[PDB]
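Take a look at this single chain, the form deposited in one PDB entry, given in structure tokens.
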């Protein structure tokens, strides 16, 4: 039946139980076109939905928009339509000097600097991926030839103060986040992004399998600008990797 936001039915999905969920609606077609018979299903707000086939099995590709709230809607509605496995892909910036542009990160757990995760489980609950998904993502990332980092991701409800950026309109960062970047660095946290805490917490507490993989396209600690070719290659590699991770998850 037609879910509230996504504008698709269970029949539209052709039995798909796995979704690849990028943030950017414009990335959906690109991911779908790496698979067989890509088909456009719907586009509403930040949700662009395609179906495709991978080794003869139906897979959904659905954008999430930025942030846990829009992500939580996409995940819930896809689950209502029979999806059980969710593969998050994106590109990210690193906060460790040893992590290079072109490297890939597979999240083993997220720092819950969001609000939506608390709508599924109290803060004590760990924002952790399904072990099978994380294993598949590591395997796919490594098999691509990239240097892969397994570790903790800080997942923030903001791009600016929650990631301790001072180059802003006010130049102010609330007490909670003052000195926070150095704290996460010292604790070995690899990167910031904005959706994994919500995704991982929601899925781990709701009987759904989820994981996160990302290509590194910038490093907060490095002054040097990466060249255009490296950015293109990394974005291309990240989606090739998520599709092969999906291959490894299919039964």
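Only the largest set of C-alpha atoms that superpose within 1.5 Å between the two forms is called the rigid core. Residues that one form lacks are left out of the comparison. Positions refer to the first chain, counted from 1.
Although not depicted, the form deposited in another entry is the subject of the following passage.
Of the residues listed here (222, 37, 43, 29), only one shifts its CA by 2 angstroms or more between the shown form and the other one after fitting on the rigid core, and it is 222. Once the cores line up, the CA of residue 10 ends up less than 2 angstroms apart between the shown form and the other one. A shift of at least 3 angstroms pushes the Cα atoms of residue 226 and residue 144 further from each other in the other entry than in the displayed structure. In the other entry, the Cα-Cα separation between residue 180 and residue 225 shrinks by 3 Å or more relative to the displayed conformation.
Taken over residues common to both forms, the rigid core alignment between the shown form and the other one yields 222 to 233 as the one run of three or more consecutive residues whose Cα atoms shift by 2 Å or more.
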